[PDB]
Amino acid sequence: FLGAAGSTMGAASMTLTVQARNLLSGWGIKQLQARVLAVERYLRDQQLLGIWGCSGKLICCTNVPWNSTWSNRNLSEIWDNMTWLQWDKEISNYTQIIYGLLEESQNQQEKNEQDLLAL
Amino acid sequence: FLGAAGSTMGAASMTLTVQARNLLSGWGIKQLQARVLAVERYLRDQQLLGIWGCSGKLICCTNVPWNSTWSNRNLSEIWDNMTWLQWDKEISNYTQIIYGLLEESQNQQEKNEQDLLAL
Amino acid sequence: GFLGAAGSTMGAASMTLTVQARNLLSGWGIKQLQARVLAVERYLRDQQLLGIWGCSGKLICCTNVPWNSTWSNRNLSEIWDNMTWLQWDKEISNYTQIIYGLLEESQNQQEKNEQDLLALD
Amino acid sequence: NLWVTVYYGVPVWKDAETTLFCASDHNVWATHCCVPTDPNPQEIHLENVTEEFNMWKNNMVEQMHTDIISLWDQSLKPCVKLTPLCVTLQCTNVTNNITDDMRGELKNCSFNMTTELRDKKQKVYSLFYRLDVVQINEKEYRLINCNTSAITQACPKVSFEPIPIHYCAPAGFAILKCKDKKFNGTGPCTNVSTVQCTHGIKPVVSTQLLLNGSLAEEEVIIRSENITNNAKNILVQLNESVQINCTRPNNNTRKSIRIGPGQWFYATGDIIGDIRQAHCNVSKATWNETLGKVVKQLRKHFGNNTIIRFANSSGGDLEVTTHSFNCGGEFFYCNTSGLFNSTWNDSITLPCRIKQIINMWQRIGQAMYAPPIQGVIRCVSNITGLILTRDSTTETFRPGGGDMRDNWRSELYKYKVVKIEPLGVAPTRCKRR
Amino acid sequence: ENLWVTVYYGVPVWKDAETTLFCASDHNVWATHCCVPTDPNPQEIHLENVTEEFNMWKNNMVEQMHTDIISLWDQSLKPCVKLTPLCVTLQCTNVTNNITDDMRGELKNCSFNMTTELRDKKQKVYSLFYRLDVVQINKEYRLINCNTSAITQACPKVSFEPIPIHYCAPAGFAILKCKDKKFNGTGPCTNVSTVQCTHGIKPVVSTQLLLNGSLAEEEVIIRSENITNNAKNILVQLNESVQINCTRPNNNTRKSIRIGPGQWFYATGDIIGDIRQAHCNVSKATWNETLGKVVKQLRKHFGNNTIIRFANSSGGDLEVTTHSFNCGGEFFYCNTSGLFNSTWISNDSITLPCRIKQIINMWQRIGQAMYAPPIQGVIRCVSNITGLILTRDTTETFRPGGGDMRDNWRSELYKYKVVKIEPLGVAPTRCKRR
Amino acid sequence: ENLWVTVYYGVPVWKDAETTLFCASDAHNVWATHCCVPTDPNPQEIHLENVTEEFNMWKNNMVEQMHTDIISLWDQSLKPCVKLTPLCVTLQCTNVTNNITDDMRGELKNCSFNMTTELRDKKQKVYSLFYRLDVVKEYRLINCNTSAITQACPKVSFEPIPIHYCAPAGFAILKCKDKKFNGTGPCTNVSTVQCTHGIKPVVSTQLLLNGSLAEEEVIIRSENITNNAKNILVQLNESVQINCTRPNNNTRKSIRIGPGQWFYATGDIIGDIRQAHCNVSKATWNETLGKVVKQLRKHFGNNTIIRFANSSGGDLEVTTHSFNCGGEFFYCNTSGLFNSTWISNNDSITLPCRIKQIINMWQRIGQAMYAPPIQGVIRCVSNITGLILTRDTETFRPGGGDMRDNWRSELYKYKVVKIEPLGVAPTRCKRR
Ligand SMILES: *[C@@H]1O[C@H](CO)[C@@H](O[C@@H]2O[C@H](CO)[C@@H](O[C@@H]3O[C@H](CO)[C@@H](O)[C@H](O)[C@@H]3O)[C@H](O)[C@H]2NC(C)=O)[C@H](O)[C@H]1NC(C)=O
Ligand SMILES: *[C@@H]1O[C@H](CO)[C@@H](O[C@@H]2O[C@H](CO)[C@@H](O[C@@H]3O[C@H](CO)[C@@H](O)[C@H](O)[C@@H]3O)[C@H](O)[C@H]2NC(C)=O)[C@H](O)[C@H]1NC(C)=O
Ligand SMILES: *[C@@H]1O[C@H](CO)[C@@H](O[C@@H]2O[C@H](CO)[C@@H](O[C@@H]3O[C@H](CO)[C@@H](O)[C@H](O)[C@@H]3O)[C@H](O)[C@H]2NC(C)=O)[C@H](O)[C@H]1NC(C)=O
Ligand SMILES: *[C@@H]1O[C@H](CO)[C@@H](O[C@@H]2O[C@H](CO)[C@@H](O)[C@H](O)[C@H]2NC(C)=O)[C@H](O)[C@H]1NC(C)=O
Ligand SMILES: *[C@@H]1O[C@H](CO)[C@@H](O)[C@H](O)[C@H]1NC(C)=O
Ligand SMILES: *[C@@H]1O[C@H](CO)[C@@H](O)[C@H](O)[C@H]1NC(C)=O
Ligand SMILES: *[C@@H]1O[C@H](CO)[C@@H](O)[C@H](O)[C@H]1NC(C)=O
Ligand SMILES: *[C@@H]1O[C@H](CO)[C@@H](O)[C@H](O)[C@H]1NC(C)=O
Ligand SMILES: *[C@@H]1O[C@H](CO)[C@@H](O)[C@H](O)[C@H]1NC(C)=O
Ligand SMILES: *[C@@H]1O[C@H](CO)[C@@H](O)[C@H](O)[C@H]1NC(C)=O
Ligand SMILES: *[C@@H]1O[C@H](CO)[C@@H](O)[C@H](O)[C@H]1NC(C)=O
Ligand SMILES: *[C@@H]1O[C@H](CO)[C@@H](O)[C@H](O)[C@H]1NC(C)=O
Ligand SMILES: *[C@@H]1O[C@H](CO)[C@@H](O)[C@H](O)[C@H]1NC(C)=O
Ligand SMILES: *[C@@H]1O[C@H](CO)[C@@H](O)[C@H](O)[C@H]1NC(C)=O
Ligand SMILES: *[C@@H]1O[C@H](CO)[C@@H](O)[C@H](O)[C@H]1NC(C)=O
Ligand SMILES: *[C@@H]1O[C@H](CO)[C@@H](O)[C@H](O)[C@H]1NC(C)=O
Ligand SMILES: *[C@@H]1O[C@H](CO)[C@@H](O)[C@H](O)[C@H]1NC(C)=O
Ligand SMILES: *[C@@H]1O[C@H](CO)[C@@H](O)[C@H](O)[C@H]1NC(C)=O
Ligand SMILES: *[C@@H]1O[C@H](CO)[C@@H](O)[C@H](O)[C@H]1NC(C)=O
Ligand SMILES: *[C@@H]1O[C@H](CO)[C@@H](O)[C@H](O)[C@H]1NC(C)=O
Ligand SMILES: *[C@@H]1O[C@H](CO)[C@@H](O)[C@H](O)[C@H]1NC(C)=O
């Protein structure tokens, strides 16, 4: 289901549970291969959300600041005048950078939590 | 495993770990189909708990009130005097309606968290 | 890199948990399919267990089960430094199931206690 | 006032049909059942559970049947197809050391067949049993199932001896077992336990009588889908075993014949010493007491003053008209009319015939050739039950069956497969946050 | 200044992708194959304010449909009787019977000695054959394909009747559908909707004319990869169907011959009644109007000051020189030369004679051959002409073509694209963790 | 003392394990339709600073895995091919005397026979040449009295190409980089890799061709060198170059068997008929044995004599050297390489070869393959990288045996381990 596609980013987020549910729900070796792949793709995304400290959420806020390098557009002109497809293309060359930064942040946060609990 | 199946729900609720921990651990095409399905069923339940905001918990409380439509039995006679199998028979048609409500509640809650964290 | 910390001490290797974890889930052909299914099953068994113990979503989970000197009668200075994870794994191997059982019992009690605290409002 | 609370790990289930796997402990069931099981019995008792069980329309039975046919056929794939040997035979009626009871039973048949090189021929001869040889329609004979199908030679190193087989649930499923003793194949059952694997069941092939298997816990149990419907079979499980010992008193030899590229056909060779008919011995007193128990529990459905009489089989092929006692590599067809002649020294003997070209599972497009066994066969086994049919003031019961599912329902009747559904919802005095 | 990374999951975005599709539906080979039922509800979701780019000649759904039909076709012929034992010298003479038209000499009465259930004996049998199945070597003949391949008799209970097949996406994937009634075959498309399954497509196999497909909403849509390069096939989709009435008029029977221990051959038996030529009837007025519609639209790419001519085509293979048509259980090779011979400058009907072939070499392969069992009785088919495959040679001339098979599916799959859903992504927000 | 249990996930530990490995390759070859997964150039190796891993090449399951996969691949590729059952007829044979440069005396024969053709009602008379080793004036082929002979498809190449074995998810391969690693015990310079270096699946006997070289000196390895009943593998420090040829300019005759069924027969020979042979550099060979001797004495004593001699198990699998040169089967006589006594106190070597076409491969006797003839002239130039030696003063001879010993010469440095990311340790914190 891609029904919100084409709507703006600030509108499309209203349906994140619709898209998430439909990702998993949906000679014979052919079908097993298709099914196994669907499971693997699902789990890869879940592992990333978990490793970044976003487990269980469709929307999570991190402590990694936004770099004007990736995009110098304002909050307005992203959320109101663009759809997600457009956004995805504009920052498609920084995805691996952001993901690496998110992992580093979570590691630092967990270490701090353990040391706080120590008191 | 299922020792509590004939017991009062208020007692059976304390053996949840036992049932959960036995869901993954216990002709080539048939064995792969058996394994893939066991995984698929497991993941369907985990995704659904995540959608409702109950990931990582065997017991969770939500913000969806109970309707007299689903059951007008009082509380004492639900947790006592009845097994889970009997309860399952009583709540049958009023299942998908609950699931839909749980999803709606969680979406409102995640939006509220995102907005609160922006102050 | 993956397993780069394997020869480092236990307290050093704690900084590479991300690296090991992110590579576990995959970063006649029937055998390839069988291998893929098993890789998923192994991954999920570990994730389910962390969920049971209330450690879901964390690489470092702090629990409320006390450490028994019986399992290993050593100081923090004798464990976190001057020792690698491979050595530790051998050192307490025979207590693995005891610990896992205790962790399960604790989490179950914690969930009941939380439900009661929410009820008392 | 009450809020929805969601629980995971809830001990509930639904009826379900899923694929079960084989568990165990050069047999045909070896290498195909490689999961060692039952290191410790499980039997989790479920207190206060009254589940509904049904021997008929079970799924476990259909899978056992299906899996056996598949395995059986798979085992013959790599062996000689006996492409040759549909040539006609020049047969002589053997009288050498043969008693009157067996005249015409054995034939000495010679024929032309191919060899290692394509343009060369050889002359061979072998013995055959009358049941497998048909006079040509044109002293000249043909093998029976040669004109319509290929006969695959059974693999000489594969044992088809039944071994106990355990069926085990896949993760997410469980098998419930009925421990009641008066259950009779149907309805609600008090005292239900949960297991991962069934008890071992021996996949014994038979007709009319049920051989090695379990006994009823207390009395004779008579099970039928509809006791009033003469179109249905009655499965009778005894609470006592009856021993039967069968033999083929002929010191056989084997004659190895080379075919084409080192393929071998194992022909029946000559017989050393006396030639005698195969037969089975059943204790007379035990059999008469056994029937007395069967009728005592059978009258309960007809009346205390009705008459029950027994009679022999009505017709059809040997698969249904005679007992089909299966020995380690031989198929005996035994005459049971002597066991079913009553109206309600110390042994009864039943004559037996031997067949080598076998059409199994009521199919006609396939055939198997059972190679000969040298020396003398002696088989000792336990009768555990009967397959009977019924057809005023007097009722007549006859041996029946032939539908292999009936030989499996008798062991699988106490098991049911259920799907575990761990997620559920209930109200509570607890609200989030 | 104050923006932070927020990670979102369930984001409605995608990438072009090539994945495995499965079929769904509603003794037919496809009914057996497509065990998954369809949802009676199309579940079509319109996507507002999108412009998706499509390209029907780069569409991998075509390769899967082709691969699936070849694989299914072959799998269904595996557990069948081989006719290797029939590759013996045949003694054939012309059929003498009440034969009309120009069918005299078309059929031959062949006798031969084949195997029996008994290895030591042969039997003398006879059967009828069409000239196109038999090669002369002298009254001495051989079956045509005995020098390259074994001929497999198709199993008589197997139905190859095309039934609608719906292709469905696996979880994580979606199919986008172009609803532009004028769609070009390439480029951006507005009014794009998302579907789970395609419309049903009948796996009809033909050349020159495309039967029982979809119609255009308006006019004629002419689609080709370049137009200018005349080496490409032109797929022409009509907004009106043309009905064609086809028959094999002879009343046939079958002669069942046992050839071995559980194996048998179905021979064409004696013909009952008179022998007549097979043929197809196309209404003349409808056909002339149809070409006028095609030519008018075709001119848009050539000029309105030119001349458009049709040819009867050419080639070295009946599969492409004639109209290959599978009617009931028999393969027709119809003569369309009088259907495509007009020149366009600005009650009645045409009968197309048809030849029948029994030994078939499908998908342009050499190493395989199939024997089509003869069909009892008299055969009649009524089909819908929904499109044409044309090629091009100052007057422009066009001719019937095709035969690659892929092109017979592009005509139905051109509106669909497969995409992969990529639900995870990030964007700046004012929300900070903790 | 307020110490609590903490759970960590992503812990860098492992266990010894066996599993299924998959193939990958670089860039009509039988392995190119198998190893469909590309390798990574610069695959990346991770040095482990303080790991002292125990390795054991003779207990290495990867050898078994490589072996079973090769046998399976080999058989699978011969299934969709023409069987030669129709050629199991008798032959009428005479000797080829047509310009034989002596020393054959019937090694090459001219045979004819009655075989099938296009129609079942016809037969044809055909002519072909055969090598004596394949033939029992009345003759039969050596493998028509058992099993069946299948012609290898002329379209499939069996040329060895590098094969890389790669770990599945959840596993890693540890590589031993220690100098002079002898096949067993602790290894210090341990590194983690995702795939092996690329092994060519060479199927030679006696001598090991086109493998890896030792970097410092010749390495002698055996499970128990004192057992006197184990093969000793020798890994050389330098390669020895060997030039092998089949000098006769042959032809290929195409014969129809049936409906798309073809047989490729040896046709006539163009030019003089001469023996196949291999040229081994003599000086290199003399230096090579001297290095082996110096090293063998480290296990047997400074006062012993190594004594080289030839083997006796004359089934042509042990006493001769198999190559698969050009896809042809040479069976070369190596006795001239091993007859010397070493006492501590161009002049090249020519080895004759025996060409054979019907091959019972992998020591099985229930299957046979026919190698189609190769037209033209064959020459292979290859690197001797190792030896298989046995012993029983005590005498050393060329060995031979099961293929696991050749493959074990490349996989000796690798181990498979299972990653176990979950673990527990004490710490000073509490859940709360
Ligand atoms: C019912 O159960 C009994 C007891 O297990 C079965 O008896 C056994 O039958 C097998 C096969 O006929 C006999 O095996 C043979 O034993 C000889 C011994 O010298 C050996 O040389 C043969 O190679 C073969 O292994 C076995 O001895 C026999 N056991 C006894 C105690 O007599 C009986 O067959 C089962 N009945 C049915 C119908 O399944
Ligand atoms: C285009 O669609 C039409 C309509 O579906 C196809 O013609 C139809 O073909 C079927 C199968 O050959 C005919 O059914 C027959 O029915 C008789 C009993 O009435 C039965 O004995 C036969 O075995 C068979 O099932 C059907 O009558 C026929 N319809 C018409 C109007 O003639 C047509 O073949 C399709 N075009 C192409 C190229 O496939
Ligand atoms: C050890 O490695 C060498 C190569 O480094 C192997 O020899 C090579 O074998 C290939 C295949 O037999 C030869 O290529 C062929 O060339 C002809 C003519 O150009 C062509 O028609 C064929 O299609 C094919 O491409 C290659 O020339 C040859 N190299 C040399 C130097 O002779 C050698 O076989 C390997 N050792 C073993 C035991 O396999
Ligand atoms: C391998 O062991 C050596 C010591 O045998 C480790 O060296 C220490 O590294 C730390 C790094 O912060 C220094 O502070 C110590 O002073 C070093 N010790 C000595 C004796 O030099 C080395 O780090 C270990 N390898 C790994 C991966 O941790
Ligand atoms: C499409 O654009 C119009 C304005 O031109 C707007 O009103 C409408 O809501 C937009 N549709 C979507 C899906 O956002
Ligand atoms: C974004 O920042 C630029 C800075 O020059 C400003 O001119 C523009 O008006 C801003 N746009 C919005 C939507 O605030
Ligand atoms: C079964 O019912 C009895 C009734 O007294 C109760 O005491 C017992 O606990 C119940 N069993 C289970 C498993 O709850
Ligand atoms: C739920 O509660 C509301 C309370 O106003 C009632 O109107 C409604 O009928 C109930 N049932 C359902 C199914 O909504
Ligand atoms: C576990 O028990 C075995 C018993 O032989 C012993 O050898 C081993 O050292 C023990 N391991 C630990 C961690 O105590
Ligand atoms: C076999 O031969 C004996 C010879 O006395 C004869 O009595 C008997 O009837 C014969 N049986 C058959 C079937 O020919
Ligand atoms: C074998 O064939 C020949 C053909 O002339 C026939 O005479 C002979 O009787 C046959 N032999 C047998 C045993 O059938
Ligand atoms: C089988 O058990 C059911 C249980 O309700 C009973 O009604 C039925 O009469 C029994 N049938 C026989 C033949 O005993
Ligand atoms: C064989 O059966 C007879 C029946 O009368 C019985 O007496 C005897 O003990 C049985 N033999 C064995 C070994 O069971
Ligand atoms: C097909 O298109 C033409 C274009 O002129 C139009 O006149 C005709 O009515 C259309 N036919 C149908 C069935 O819509
Ligand atoms: C096909 O036959 C039917 C018979 O009723 C007729 O109505 C129809 O017009 C014919 N079609 C053609 C193209 O001649
Ligand atoms: C071929 O030569 C050998 C030489 O030893 C001889 O024995 C053999 O008889 C010859 N073959 C023929 C057919 O003359
Ligand atoms: C052998 O070679 C000579 C030329 O040196 C040639 O004349 C003769 O014909 C050849 N003989 C054969 C049998 O080819
Ligand atoms: C064919 O068979 C005949 C049988 O007499 C034999 O003389 C002739 O030599 C054979 N043909 C060949 C090529 O061996
Ligand atoms: C490990 O590598 C170092 C690199 O300097 C080398 O000096 C050392 O000898 C190597 N160890 C072994 C056992 O080869
Ligand atoms: C190694 O060889 C010696 C020779 O005496 C023998 O005693 C010893 O048992 C062998 N050891 C192994 C592990 O094979
Ligand atoms: C080795 O063999 C050659 C002949 O190939 C011979 O001249 C030499 O003397 C032999 N040397 C020894 C040590 O036997």
# chains A, B, ... in the order shown; residues from 1 in each chain; ligands from 1
$ residues_around --residues "residue 54 (chain C)" --least-positions-apart "5" --cutoff "10 Å" --atoms "only C-alpha atoms" --output "list in words"
residues 56, 57 and 58 of chain B; 48, 49, 61, 62, 63, 103, 104, 106, 107, 108, 110 and 111 of chain C; 431 of chain F
$ write_last_selection --atoms "N, CA and C atoms" --output "compact mmCIF listing (two decimals), in the first residue's frame"
# COMPACT_ATOMS: atom_id res chain seq x y z
N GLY B 56 8.22 -5.94 23.23
CA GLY B 56 9.12 -6.21 24.33
C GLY B 56 8.42 -6.56 25.63
N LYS B 57 7.09 -6.65 25.60
CA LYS B 57 6.36 -6.96 26.82
C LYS B 57 5.44 -8.14 26.63
N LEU B 58 5.28 -8.95 27.67
CA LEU B 58 4.30 -10.03 27.58
C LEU B 58 2.96 -9.52 28.08
N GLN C 48 14.42 -13.12 20.68
CA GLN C 48 13.31 -13.47 21.54
C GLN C 48 13.77 -13.54 22.97
N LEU C 49 14.95 -14.09 23.19
CA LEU C 49 15.43 -14.24 24.54
C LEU C 49 15.67 -12.88 25.18
N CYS C 61 22.30 -4.33 28.48
CA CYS C 61 21.13 -4.44 29.36
C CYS C 61 21.53 -4.67 30.81
N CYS C 62 21.10 -3.78 31.67
CA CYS C 62 21.41 -3.90 33.08
C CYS C 62 20.16 -4.51 33.73
N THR C 63 20.34 -5.61 34.48
CA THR C 63 19.22 -6.34 35.06
C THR C 63 19.24 -6.23 36.58
N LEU C 103 17.04 -14.71 35.05
CA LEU C 103 16.65 -13.51 34.36
C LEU C 103 15.19 -13.59 33.94
N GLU C 104 14.75 -14.76 33.49
CA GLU C 104 13.35 -14.91 33.13
C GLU C 104 12.44 -14.68 34.32
N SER C 106 12.93 -12.96 37.00
CA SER C 106 12.89 -11.58 37.39
C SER C 106 12.02 -10.76 36.49
N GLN C 107 12.14 -10.95 35.17
CA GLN C 107 11.34 -10.11 34.32
C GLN C 107 9.88 -10.39 34.49
N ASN C 108 9.51 -11.65 34.71
CA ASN C 108 8.10 -11.92 34.87
C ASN C 108 7.56 -11.21 36.10
N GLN C 110 8.72 -8.47 37.38
CA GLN C 110 8.68 -7.05 37.13
C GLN C 110 7.45 -6.66 36.35
N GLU C 111 7.04 -7.48 35.38
CA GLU C 111 5.85 -7.11 34.62
C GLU C 111 4.62 -7.12 35.49
N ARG F 431 19.09 -2.55 37.31
CA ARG F 431 17.92 -2.23 36.47
C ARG F 431 16.98 -1.09 36.93
$ calpha_fit_and_write --fixed "chain B" --moving "chain A" --output "compact mmCIF listing (two decimals) with C-alpha atoms, in the first residue's frame"
# COMPACT_ATOMS: atom_id res chain seq x y z
CA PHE A 1 3.48 -26.15 26.01
CA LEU A 2 -0.17 -25.50 27.14
CA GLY A 3 0.24 -26.57 30.75
CA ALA A 4 -1.71 -23.69 32.26
CA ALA A 5 -4.67 -24.32 30.01
CA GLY A 6 -7.86 -24.90 31.93
CA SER A 7 -6.65 -22.82 34.86
CA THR A 8 -8.30 -19.49 35.34
CA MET A 9 -7.20 -16.40 33.44
CA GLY A 10 -5.75 -14.82 36.56
CA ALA A 11 -3.67 -17.94 37.17
CA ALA A 12 -2.65 -18.66 33.61
CA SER A 13 -0.92 -15.31 33.14
CA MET A 14 1.76 -16.53 35.56
CA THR A 15 3.21 -18.71 32.77
CA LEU A 16 3.22 -16.33 29.82
CA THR A 17 7.03 -16.74 29.39
CA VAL A 18 6.69 -20.47 29.14
CA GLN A 19 4.31 -20.30 26.31
CA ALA A 20 6.17 -17.52 24.57
CA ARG A 21 9.54 -19.30 24.60
CA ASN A 22 8.19 -22.49 23.20
CA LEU A 23 6.64 -20.76 20.20
CA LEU A 24 9.93 -20.19 18.48
CA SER A 25 12.30 -22.77 19.91
CA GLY A 26 10.38 -26.02 18.95
CA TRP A 27 11.35 -34.04 -0.31
CA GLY A 28 13.21 -31.80 2.30
CA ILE A 29 11.35 -28.77 1.01
CA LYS A 30 8.63 -30.05 3.34
CA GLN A 31 10.67 -29.15 6.38
CA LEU A 32 11.73 -25.81 5.05
CA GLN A 33 8.12 -24.93 4.51
CA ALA A 34 7.28 -25.92 8.07
CA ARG A 35 10.18 -23.87 9.44
CA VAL A 36 9.47 -20.81 7.37
CA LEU A 37 5.89 -20.83 8.46
CA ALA A 38 6.84 -21.03 12.11
CA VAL A 39 9.02 -17.97 11.64
CA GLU A 40 6.36 -16.05 9.81
CA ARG A 41 3.74 -16.71 12.44
CA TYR A 42 6.13 -15.59 15.15
CA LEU A 43 6.93 -12.39 13.38
CA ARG A 44 3.32 -11.53 12.67
CA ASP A 45 2.61 -11.52 16.37
CA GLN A 46 5.69 -9.55 17.16
CA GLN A 47 4.82 -6.95 14.58
CA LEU A 48 1.38 -6.48 16.06
CA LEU A 49 2.69 -6.02 19.52
CA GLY A 50 5.20 -3.56 18.23
CA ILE A 51 2.75 -1.54 16.13
CA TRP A 52 0.38 -1.29 19.14
CA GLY A 53 3.20 0.02 21.37
CA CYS A 54 3.63 -3.30 23.34
CA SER A 55 7.04 -4.20 22.05
CA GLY A 56 9.07 -6.18 24.52
CA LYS A 57 6.21 -6.91 26.90
CA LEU A 58 4.07 -9.95 27.58
CA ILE A 59 1.56 -7.82 29.43
CA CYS A 60 0.87 -4.24 28.16
CA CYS A 61 -1.76 -1.77 29.16
CA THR A 62 -3.33 0.46 26.55
CA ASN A 63 -5.48 3.56 26.55
CA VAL A 64 -8.38 1.96 24.73
CA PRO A 65 -11.41 1.67 27.09
CA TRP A 66 -13.31 -1.53 27.36
CA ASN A 67 -16.64 -1.53 25.43
CA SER A 68 -19.57 -3.22 27.38
CA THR A 69 -20.73 -4.22 23.92
CA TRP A 70 -17.87 -6.70 23.61
CA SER A 71 -18.53 -7.99 27.09
CA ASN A 72 -20.74 -6.88 29.92
CA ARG A 73 -19.23 -9.22 32.50
CA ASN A 74 -17.56 -7.62 35.61
CA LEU A 75 -13.73 -7.87 36.33
CA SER A 76 -14.69 -10.65 38.71
CA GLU A 77 -16.35 -13.42 36.70
CA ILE A 78 -13.68 -12.94 34.01
CA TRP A 79 -10.42 -13.32 35.82
CA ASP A 80 -11.45 -15.77 38.55
CA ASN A 81 -14.22 -17.96 37.09
CA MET A 82 -13.00 -18.41 33.51
CA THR A 83 -10.11 -19.88 31.60
CA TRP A 84 -8.60 -18.34 28.50
CA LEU A 85 -10.25 -20.71 26.07
CA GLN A 86 -13.64 -19.68 27.32
CA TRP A 87 -12.77 -16.05 27.16
CA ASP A 88 -11.42 -16.33 23.68
CA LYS A 89 -14.62 -17.85 22.46
CA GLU A 90 -16.90 -15.30 24.13
CA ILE A 91 -15.27 -12.31 22.46
CA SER A 92 -14.04 -13.96 19.26
CA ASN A 93 -16.27 -11.71 16.99
CA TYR A 94 -14.61 -8.40 18.24
CA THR A 95 -10.95 -9.23 17.81
CA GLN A 96 -10.54 -7.30 14.58
CA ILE A 97 -12.26 -4.28 16.09
CA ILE A 98 -10.07 -4.16 19.09
CA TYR A 99 -6.99 -4.57 16.99
CA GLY A 100 -7.97 -1.72 14.70
CA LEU A 101 -8.59 0.55 17.69
CA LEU A 102 -5.26 -0.31 19.22
CA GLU A 103 -3.43 0.72 16.06
CA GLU A 104 -5.23 4.06 15.90
CA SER A 105 -4.37 4.79 19.49
CA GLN A 106 -0.70 4.14 19.04
CA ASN A 107 -0.50 6.41 16.06
CA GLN A 108 -2.05 9.22 18.04
CA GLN A 109 0.26 8.63 20.95
CA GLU A 110 3.40 8.76 18.90
CA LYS A 111 2.36 11.97 17.29
CA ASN A 112 1.81 13.51 20.68
CA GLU A 113 5.20 12.35 21.90
CA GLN A 114 6.95 13.96 18.96
CA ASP A 115 5.20 17.25 19.54
CA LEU A 116 6.02 17.17 23.25
CA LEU A 117 9.69 16.60 22.54
CA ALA A 118 9.53 19.65 20.28
CA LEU A 119 9.25 21.99 23.38
$ residues_around --residues "residue 246 (chain D)" --least-positions-apart "3" --cutoff "8 Å" --atoms "only C-alpha atoms" --output "ChimeraX atom specification"
/D:278-281,378-380
$ write_last_selection --atoms "C-alpha atoms" --output "compact mmCIF listing (two decimals), in the first residue's frame"
# COMPACT_ATOMS: atom_id res chain seq x y z
CA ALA D 278 3.00 -72.04 3.80
CA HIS D 279 0.71 -71.88 6.80
CA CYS D 280 -0.11 -70.02 10.12
CA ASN D 281 -0.86 -71.46 13.57
CA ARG D 378 9.36 -68.24 10.40
CA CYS D 379 7.37 -65.11 11.53
CA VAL D 380 5.89 -64.69 15.00
$ residues_around --residues "residue 74 (chain C)" --least-positions-apart "6" --cutoff "12 Å" --atoms "only C-alpha atoms" --output "ChimeraX atom specification"
/C:67-68,80-83,88,91-92 /F:1,3,425-427
$ select_by_dssp --residues "region 31-78 of chain A" --states "helix (DSSP H, G or I)" --output "count of residues only"
21
$ closest_residue --among "F:172, F:429, F:129, F:111" --to "chain A" --atoms "only C-alpha atoms"
F:429
